[PDB]
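**Student:** Next up is a structure, given as structure tokens.
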There are 2 protein chains.
Amino acid sequence: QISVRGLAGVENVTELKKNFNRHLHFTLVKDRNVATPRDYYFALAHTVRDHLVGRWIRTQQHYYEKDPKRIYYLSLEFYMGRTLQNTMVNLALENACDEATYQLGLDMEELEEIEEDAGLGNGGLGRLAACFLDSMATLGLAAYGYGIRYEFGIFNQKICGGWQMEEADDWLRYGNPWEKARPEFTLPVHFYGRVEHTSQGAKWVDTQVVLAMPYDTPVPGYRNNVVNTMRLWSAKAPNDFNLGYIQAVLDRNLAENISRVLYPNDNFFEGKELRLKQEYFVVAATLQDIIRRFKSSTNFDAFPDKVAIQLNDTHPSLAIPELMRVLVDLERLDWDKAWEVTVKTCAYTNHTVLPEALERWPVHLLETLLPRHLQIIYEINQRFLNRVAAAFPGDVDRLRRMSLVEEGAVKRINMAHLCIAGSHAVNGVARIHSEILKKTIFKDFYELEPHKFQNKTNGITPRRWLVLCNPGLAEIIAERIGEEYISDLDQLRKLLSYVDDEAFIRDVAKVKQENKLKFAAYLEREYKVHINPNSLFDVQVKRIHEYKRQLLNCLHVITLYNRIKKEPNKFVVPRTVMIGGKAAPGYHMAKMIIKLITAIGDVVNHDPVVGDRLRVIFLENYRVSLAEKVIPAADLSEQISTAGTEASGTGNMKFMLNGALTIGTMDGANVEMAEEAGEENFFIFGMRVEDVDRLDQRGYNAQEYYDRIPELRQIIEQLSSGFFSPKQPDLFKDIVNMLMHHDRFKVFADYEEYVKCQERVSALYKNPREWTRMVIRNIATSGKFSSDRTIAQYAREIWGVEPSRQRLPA
Amino acid sequence: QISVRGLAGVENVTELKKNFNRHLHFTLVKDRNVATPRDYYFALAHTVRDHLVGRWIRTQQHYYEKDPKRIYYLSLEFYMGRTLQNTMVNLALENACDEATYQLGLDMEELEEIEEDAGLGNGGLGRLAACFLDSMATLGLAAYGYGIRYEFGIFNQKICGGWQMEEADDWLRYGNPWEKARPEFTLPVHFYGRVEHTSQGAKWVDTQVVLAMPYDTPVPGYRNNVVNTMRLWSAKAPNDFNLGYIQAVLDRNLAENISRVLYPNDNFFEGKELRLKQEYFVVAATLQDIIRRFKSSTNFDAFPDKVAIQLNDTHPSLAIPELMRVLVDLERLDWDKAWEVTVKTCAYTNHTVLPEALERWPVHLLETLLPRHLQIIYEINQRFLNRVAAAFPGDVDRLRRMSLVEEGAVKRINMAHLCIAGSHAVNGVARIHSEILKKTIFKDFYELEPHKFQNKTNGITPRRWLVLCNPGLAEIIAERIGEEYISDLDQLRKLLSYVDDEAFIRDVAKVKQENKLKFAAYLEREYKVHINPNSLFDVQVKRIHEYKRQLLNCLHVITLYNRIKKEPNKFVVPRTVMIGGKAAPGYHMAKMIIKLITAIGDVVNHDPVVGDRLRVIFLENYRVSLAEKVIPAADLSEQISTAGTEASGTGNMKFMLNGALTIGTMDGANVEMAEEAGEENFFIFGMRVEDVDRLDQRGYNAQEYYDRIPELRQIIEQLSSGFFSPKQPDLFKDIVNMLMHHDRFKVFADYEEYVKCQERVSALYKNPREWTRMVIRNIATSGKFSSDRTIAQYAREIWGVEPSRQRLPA
Ligand SMILES: O=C1NC(c2cccc3ccccc23)=N[C@@]12O[C@H](CO)[C@@H](O)[C@H](O)[C@H]2O
Ligand SMILES: O=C1NC(c2cccc3ccccc23)=N[C@@]12O[C@H](CO)[C@@H](O)[C@H](O)[C@H]2O
Ligand SMILES: *Cc1c(COP(=O)(O)O)cnc(C)c1O
Ligand SMILES: *Cc1c(COP(=O)(O)O)cnc(C)c1O
């Protein structure tokens with residue numbers, strides 16, 4: 001149908017059809033009389049998987065022959081979403097499969113909707129991992145994603161009476177056709193035990209063994225015939241485990257619990273033993289694999305020339321002492337040589353500002369679980385603090401602040417400190433964030449080793465986040481400037497010469513309108529709710545957190561509502577306000593915010609005076625596949641974190657690419673986005689970082705704003721008095737109380753400037769042509785925010801490898 | 001190579017080869033450079049599975065169209081063993097696959113050895129289930145095996161220092177290519193809750209739900225293109241289960257424990273809740289499936305014309321009250337009509353003599369777990385005892401003895417009593433056993449309803465147990481009388497006209513010698529032990545139990561040893577004595593017997609005076625696949641249970657078919673075996689049932705035998721004094737003590753007659769020609785012991801269906 005989706009050759013279509021029927025019969029053991037849509041999805045999935053296989057085998061073969069330097073991306077999270085469409089896009093099979101399925105009398109779109117999200121992540125960090133794998137494959141890097149195959153991913157969110165309920169994401173129930181179990185590459189991982197000191201150095205003995213069984217998933221690059229591997233480990237008990245009889249067999253589940261469930265805390269740290277077991281499990285199994293592969297090329301001097309290990313935050317920080325343990329205790333390298341190898345191998349990406357999100361493991365935990373690793377950590381600390389002392393003689397305070405070991409009631413290891421010490425490169429994930437690392441939280445580490453600190457501004461893959469989710473926009477772009485932009489997104493800048501082209505303006509607005517119609521219809525069928533598709537689609541989708549200030553959004557929504565009620569017969573630009581996201585199960589306040597959103601909806605959406613001028617919708621179960629639908633439908637992207645709290649953000653980039661204007665603070669990558677588009681093409685409001693600091697010094701008194709802003713006082717009185725909760729008038733006292741006395745994120749401070757800025761948005765929306773021109777200026781300057789740019793910077797400036805757009809043979 | 005293995009057409013071989021390479025590439029994602037024998041096994045397995053698929057789909061289609069009466073074989077055990085060779089035999093693909101693999105440079109036999117046994121059974125009962133499925137498919141019956149997909153089957157037996165160690169049978173580790181998960185046919189099963197009585201009858205409420213997910217495995221008939229289904233249920237938690245967050249997800253394992261592990265008690269009853277959950281789980285899921293299928297043909301009068309349910313012992317006895325519960329509580333039939341339907345649908349096979357093996361469930365267990373089923377059981381009991389009272393007025397004692405409810409400290413339900421009451425047919429598993437049911441343990445039930453009691457003497461499938469495990473013997477038989485005997489084993493009787501044919505005598509002895517050479521070699525490589533292949537192979541393989549009197553065998557072995565030591569320079573027929581089997585993990589005495597066997601081996605096998613004249617070998621990890629190797633190699637089959645204790649036995653039949661002579665008691669099917677062959681062609685010894693009764697009346701005094709038999713006294717003194725346990729002289733005091741004071745199975749009573757009979761065996765073995773002639777007379781009369789005969793009797797005399805040898809189209 002559309003060009004970017006590839007050719008549908010007669011031969012290709014015929015071949016896909018016959019392979020689809022072969023899999024239905026032989027693979028699924030169904031005839032056409034009893035097959036369900038789900039059988040058809042599986043038959044198609046198996047058919048597309050077959051086109052990966054040749055390329056996967058040849059790619060891995062190629063890496064054995066050429067023996068390039070290998071990149072190991074260690075993450076506890078890969079937020080992959082669905083695989084079927086992504087595979088079709090990257091192998092140029094989408095039109096052929098559409099055609100082949102059409103002729104079988106099936107609708108491919110309906111079959112795509114049957115696929116489960118692989119939800120093995122919480123949000124931004126997990127998704128960044130997924131976007132990176134895509135870009136690494138597209139840039140022909142010999143890269144491997146390593147993580148955990150959780151049996152249960154991020155929970156499915158149900159709303160009951162306006163409250164979040166969690167239910168288990170049983171994503172493997174029907175089988176995963178994309179993974180290949182490799183039970184033959186199973187590896188032992190050790191826990192507990194104790195350290196014996198002998199003549200021949202330290203020995204780790206009397207350990208409990210858990211096996212790590214790898215599952216490999218193909219990662220296809222964009223039309224380059226490259227297929228990289230994502231290897232995820234699953235925990236399995238050894239067969240002698242506990243070995244009255246019956247109970248011993250049932251107790252195998254204790255070991256296998258390690259890979260059972262993803263911890264659902266976005267940007268918070270819980271010091272749980274099971275979480276630490278997950279961290280070591282992935283590190284220990286991965287390092288053995290890395291070393292095995294390296295030895296099939298006694299001399300570890302070349303190790304860093306053949307191996308890069310990237311740590312996705314501190315979650316796999318144990319890679320540093322584990323690498324030391326293997327090199328020192330097993331390979332019998334001296335300490336200094338092993339340390340050299342380790343530093344030159346490892347690099348650490350920080351994704352964290354908020355101190356409560358930083359991993360600080362109690363020493364008693366590490367002592368019991370990983371006795372040898374704790375010894376190695378103490379040794380690292382001593383040698384590190386010896387260098388600090390020599391460089392800064394007499395600065396005893398610096399020594400305290402820089403220690404890997406935090407003193408206190410409980411001693412803790414600061415895993416971030418361990419990562420900086422043991423890595424040749426430390427980066428943040430947007431320029432402002434990287435600067436903040438150098439100026440505040442790692443100021444001391446920066447002064448000792450300035451050379452280590454880099455920036456790598458985040459990005460998103462334009463495959464999933466444009467071509468896949470928004471084919472209509474991809475196509476009208478491709479009509480003017482060709483297809484090359486999909487693997488070279490800077491080419492979108494050529495669209496600035498179409499900003500006054502009437503036809504292009506018409507087409508950009510048409511695509512947006514079509515996406516909105518399609519999303520409105522989706523809301524009706526799947527969730528029995530009606531919305532005006534001619535309204536401005538104001539969407540804030542992201543995990544529910546105080547720093548992201550969904551509450552600020554709520555305050556705006558109630559303001560619009562109170563303004564309509566005061567002057568019912570005055571024109572206002574209609575809006576559909578859509579807020580979506582999951583709260584961490586133990587985060588009370590996040591759960592109250594969801595409840596407040598739905599309570600506002602309950603009042604606003606049933607007020608007859610409001611009409612269809614204002615609708616508030618909570619989007620249930622926000623996940624990757626819902627993001628692919630709602631982001632192409634959005635007009636206004638809400639990126640309204642308190643300045644200094646969002647390290648980067650990546651949602652922001654998704655919306656920029658997909659033809660929404662941004663209302664945001666100068667936070668994270670918002671800063672670079674506004675710089676690329678021009679500040680005049682961006683709705684900036686609120687305190688800068690500098691302003692937040694000024695407020696903190698003299699002290700934040702919310703009362704002052706309540707006293708000076710009547711519109712805000714009204715809202716707070718409504719909340720307090722039960723306007724939004726008639727049956728339980730005090731339901732939201734925790735929210736009021738926090739806003740008035742304990743608001744770390746200064747919601748009131750940005751309120752006035754936000755509401756004013758929101759008025760400027762409405763004004764521009766009244767002028768479709770000028771709205772769409774500003775949209776074009778955004779899309780056209782979004783090139784920097786491709787993960788291809790990001791990975792190319794990682795490769796040249798950290799990993800020491802050159803990317804390539806050259807194709808492997810087919 | 002050999003004719004019974006089928007044709008190797010040029011086309012067939014070429015096609016198998018290309019499909020093997022296709023699966024290696026696309027299914028396994030391997031090239032030939034990195035593939036292991038295990039990858040080759042899987043490629044072959046997937047290639048053979050493909051030939052089942054067409055036939056499986058067409059067979060199930062046929063049953064929908066023709067709508068024949070359906071047979072449901074409910075068992076907690078299916079001891080299937082390996083599937084690959086069996087599939088090849090039944091589809092006539094064995095020579096073609098041999099040829100195809102040969103040309104790929106692989107050895108098919110080596111690939112067969114990589115397949116795991118499906119060990120979802122303990123021994124005789126589980127294997128009977130497997131043999132039956134084979135015969136049901138071969139006889140074209142619309143039959144379904146229903147059971148539990150245990151994650152862990154019967155444990156792997158290791159011997160350490162002569163002691164049994166158990167380790168977990170992780171049979172699914174590498175995947176099961178033979179099963180098809182059917183997650184779309186998942187069904188809820190209920191536990192706990194309580195009963196509400198309303199206007200509209202009883203309601204079972206506030207239950208815990210476990211889901212039952214079916215896995216289907218194909219069961220091919222012998223060259224008739226019929227493929228039946230074995231459906232096994234796996235337990236899965238619902239997604240709202242327990243739904244702090246993390247722990248709720250981890251607690252899902254409590255529900256899934258139901259299908260985790262097979263209980264390893266052969267012929268013993270443990271009243272464990274988890275075992276009762278397994279029993280209900282398989283019953284509840286199966287009955288829903290049965291009813292669903294029946295409704296796709298409100299009127300249950302035809303239910304018994306369309307459904308037969310066979311209960312494999314009492315393990316699925318809850319099918320009776322469950323069927324009543326569904327019909328009465330859900331379908332709203334009146335009690336009497338529902339009861340009629342139930343009785344006419346259900347039939348019960350008893351496999352049990354020993355009272356400690358009979359299932360007697362505490363009422364408090366059923367009360368908590370299955371409140372409604374207990375109500376229905378009490379109601380069944382009342383109405384049943386009302387009929388007893390009317391037929392036998394005043395016989396209050398009979399009422400007590402026949403009650404489904406046993407009075408005592410703990411009240412118990414006698415599940416056997418429930419099965420007789422609720423079934424139209426009750427059978428034992430050999431003639432002597434069926435008579436004993438009528439004369440002793442169910443005498444009362446027989447007098448009330450004589451029409452219900454039948455015999456169905458057990459059998460073994462000649463596919464696995466001749467063609468598959470002993471191709472050389474199959475072939476020389478086929479040379480003379482053709483191939484038809486494989487599906488009509490009575491034709492073996494034609495071999496009696498070859499008993500004086502010199503060439504046939506030569507060939508039978510040659511095959512035996514080749515099997516022995518091959519098995520001797522197997523012992524050397526896999527277990528570093530050497531044996532004389534010219535010795536008589538005396539084998540006793542079966543689960544370790546007191547009633548099977550492995551100890552009697554031990555007494556014979558020590559007798560031979562003491563006789564050699566007394567007269568070292570006298571000729572004795574050389575013997576390799578091989579004893580194998582598993583003990584239940586909590587059965588102390590069975591574990592001591594294994595230890596004694598290995599301790600005798602430790603003395604006998606290292607005595608230089610003995611030479612290679614006597615060797616004692618404990619065969620480790622006896623299982624179906626080891627039985628396929630050792631049974632064709634055997635000369636003497638040891639079937640030496642105390643008269644009245646072995647319900648049937650089936651090992652006995654396997655050896656008869658495979659050219660071993662039998663030494664046995666008149667127990668179980670031994671009686672019918674001797675009647676078929678002629679008593680002169682069988683080594684019968686020991687007490688009959690009548691003799692055991694006579695001994696019990698006056699009392700069994702072991703001392704008397706010890707006092708009168710010097711040879712036996714010597715053995716007991718050796719055991720006591722530490723001759724067989726020098727470092728621990730009192731190691732075997734429990735064994736001595738039991739033999740002398742607490743022997744329920746009267747080992748000493750049969751000792752003299754056993755040893756004498758063993759001398760007659762040795763004498764005949766000195767005369768090869770006459771030994772082989774007697775072997776021929778055994779093989780030739782083994783036809784009755786085909787499971788095809790057995791199933792044909794079940795079908796005509798219980799299920800009311802006619803078997804068929806007519807082929808479905810290919
Ligand atoms: O989305 C994120 N979660 C965590 C994060 C920070 C700290 C601890 C965690 C623990 C688990 C999961 C995620 C985290 N960090 C985040 O990383 C993204 C990728 O660079 C950034 O765009 C976000 O601005 C940042 O908030
Ligand atoms: O092998 C068997 N196990 C049990 C058995 C009896 C009682 C309780 C059980 C519980 C679990 C497993 C098996 C049993 N019964 C047996 O059934 C076989 C098939 O008819 C007979 O040939 C055996 O003579 C008999 O011993
Ligand atoms: C991109 C993405 C995120 C990250 O969004 P932010 O707005 O940067 O927090 C979270 N969740 C999903 C499902 C995404 O696709
Ligand atoms: C046939 C068989 C049995 C039953 O043997 P008996 O001697 O009748 O107890 C037990 N186990 C296996 C592995 C078998 O093949």
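Chain labels A, B, ... are given in the sequence in which chains occur in the structure tokens; within each chain residues are numbered consecutively from 1, and ligands are likewise numbered from 1 in the order shown.
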Within 12 Å of stretch 700-704 of chain B, counting only C-alpha atoms, which residues qualify if same-chain residues fewer than 2 places away don't, as a PyMOL selection string?
**Tutor:** chain B and resi 691-698+706-710+712-713+716+736-751
**Student:** Please return as a PyMOL selection string the residues found within 6 Å of ligand 2, counting only C-alpha atoms and all ligand atoms.
**Tutor:** chain B and resi 122-125+128+265-268+351-352+357+429+646-650
**Student:** Taking only C-alpha atoms and all ligand atoms into account, name the residue in A:78, A:56, A:171, A:537 that is nearest to ligand 3.
**Tutor:**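 For ligand 3, the nearest of the given residues is A:78.
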**Student:** Pick out each residue of stretch 31-160 of chain B that DSSP on the backbone tags as strand (DSSP E or B); I need them as an NGL selection string.
**Tutor:** :B and (70-74 or 78-81 or 118-120 or 143-148 or 152 or 156-160)
**Student:** Residues of chain A were defined as contacting chain B if any atom lay at most 7 Å from it, counting only C-alpha atoms; please report them as a PyMOL selection string.
**Tutor:** chain A and resi 26+29+50+53+166-168+174+183+239-240+243+245+249-250+257+585
**Student:** Identify, with DSSP run on backbone atoms, the residues in stretch 204-252 of chain A assigned to helix (DSSP H, G or I), and express the list as an NGL selection string.
**Tutor:** :A and (245-250 or 252)
**Student:** I'd like the contact shell of residue A:218 - 12 Å cut-off, only C-alpha atoms, skipping same-chain residues fewer than 6 positions apart - returned as a VMD selection string.
**Tutor:** (chain A and resid 48 to 57 59 to 60 80 83 to 84 86 to 87 90 133 to 134 137 143 to 145 177 to 181 225 to 232) or (chain B and resid 29)
**Student:** Grab me every residue within 9 Å of ligand 4, counting only C-alpha atoms and all ligand atoms, and send it over as number ranges by chain.
**Tutor:** B: 79, 81, 119, 121-128, 460, 465, 540-544, 548, 581, 622-628, 638-639, 646, 648-654
**Student:** What does the distance from atom CA of residue A:392 to atom CA of residue A:449 come to in Å, to one decimal?
**Tutor:**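 Spanning atom CA of residue A:392 to atom CA of residue A:449 is a straight-line distance of 12.4 Å.
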**Student:** Excluding same-chain residues fewer than 2 positions from residue B:425, what lies within 9 Å of it counting only C-alpha atoms, as JSON, numbers by chain?
**Tutor:** {"B": [343, 344, 346, 347, 348, 349, 420, 423, 427, 451, 452, 453, 454, 798]}
**Student:** I'd like the contact shell of residue B:790 - 9 Å cut-off, only C-alpha atoms, skipping same-chain residues fewer than 6 positions apart - returned as a VMD selection string.
**Tutor:** chain B and resid 132 135 456 to 460 784
**Student:** Please identify all polymer residues within 10 Å of stretch 6-9 of chain A, counting only C-alpha atoms, omitting same-chain residues fewer than 2 positions from it, and present them as a compact mmCIF listing (two decimals) with N, CA, C and O atoms, in the first residue's frame.
**Tutor:**
# COMPACT_ATOMS: atom_id res chain seq x y z
N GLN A 1 0.86 -1.23 0.00
CA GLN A 1 0.00 0.00 0.00
C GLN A 1 0.89 1.26 0.00
O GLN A 1 0.84 2.02 -0.98
N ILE A 2 1.68 1.49 1.08
CA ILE A 2 2.60 2.66 1.21
C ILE A 2 4.07 2.20 1.07
O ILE A 2 4.44 1.08 1.45
N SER A 3 4.90 3.10 0.53
CA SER A 3 6.21 2.76 -0.05
C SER A 3 7.21 2.31 1.03
O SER A 3 7.92 1.33 0.80
N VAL A 4 7.26 3.00 2.18
CA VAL A 4 8.25 2.73 3.26
C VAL A 4 8.06 1.31 3.82
O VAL A 4 8.96 0.79 4.46
N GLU A 11 6.34 -13.52 -5.93
CA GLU A 11 7.11 -14.68 -5.42
C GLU A 11 7.11 -14.67 -3.89
O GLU A 11 6.83 -15.67 -3.26
N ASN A 12 7.48 -13.52 -3.31
CA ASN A 12 7.52 -13.32 -1.88
C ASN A 12 6.17 -13.64 -1.24
O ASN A 12 6.13 -14.35 -0.25
N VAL A 13 5.09 -13.08 -1.79
CA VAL A 13 3.75 -13.24 -1.22
C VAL A 13 3.34 -14.72 -1.25
O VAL A 13 2.84 -15.25 -0.25
N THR A 14 3.57 -15.38 -2.39
CA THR A 14 3.25 -16.80 -2.59
C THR A 14 4.00 -17.66 -1.56
O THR A 14 3.45 -18.63 -1.02
N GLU A 15 5.26 -17.31 -1.30
CA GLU A 15 6.15 -18.06 -0.42
C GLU A 15 5.72 -17.87 1.05
O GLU A 15 5.69 -18.82 1.81
N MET A 88 9.24 -7.16 10.90
CA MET A 88 8.77 -6.97 9.52
C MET A 88 9.35 -5.67 8.96
O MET A 88 9.89 -5.66 7.86
N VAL A 89 9.29 -4.60 9.75
CA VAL A 89 9.85 -3.32 9.33
C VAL A 89 11.33 -3.52 8.97
O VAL A 89 11.76 -3.13 7.90
N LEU A 91 13.10 -6.05 8.17
CA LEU A 91 13.43 -6.99 7.07
C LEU A 91 12.68 -6.63 5.79
O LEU A 91 12.69 -7.39 4.84
N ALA A 92 11.98 -5.49 5.80
CA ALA A 92 11.26 -4.96 4.64
C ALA A 92 10.17 -5.93 4.16
O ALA A 92 9.94 -6.06 2.96
N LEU A 93 9.49 -6.58 5.11
CA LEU A 93 8.51 -7.66 4.83
C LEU A 93 7.07 -7.20 5.09
O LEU A 93 6.11 -7.95 4.88
N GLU A 94 6.90 -5.96 5.53
CA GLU A 94 5.62 -5.52 6.05
C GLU A 94 4.53 -5.56 4.95
O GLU A 94 3.44 -6.08 5.20
N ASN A 95 4.80 -5.02 3.76
CA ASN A 95 3.80 -5.00 2.67
C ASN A 95 3.53 -6.43 2.17
O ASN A 95 2.40 -6.78 1.86
N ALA A 96 4.58 -7.25 2.09
CA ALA A 96 4.45 -8.61 1.59
C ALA A 96 3.59 -9.43 2.57
O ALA A 96 2.73 -10.19 2.14
N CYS A 97 3.81 -9.26 3.87
CA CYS A 97 3.03 -9.99 4.87
C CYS A 97 1.59 -9.48 4.89
O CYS A 97 0.66 -10.28 4.97
N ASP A 98 1.40 -8.16 4.78
CA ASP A 98 0.06 -7.58 4.65
C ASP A 98 -0.69 -8.24 3.49
O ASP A 98 -1.82 -8.67 3.65
N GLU A 99 -0.03 -8.30 2.32
CA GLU A 99 -0.62 -8.83 1.08
C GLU A 99 -0.92 -10.33 1.26
O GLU A 99 -2.04 -10.76 1.01
N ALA A 100 0.09 -11.10 1.71
CA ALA A 100 -0.01 -12.55 1.92
C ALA A 100 -1.17 -12.87 2.88
O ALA A 100 -1.95 -13.77 2.61
**Student:** Do you know which residues are at most 10 Å from residue A:732 counting only C-alpha atoms, after dropping those on the same chain fewer than 4 positions away, and could you put them as a count of residues only?
**Tutor:** 13
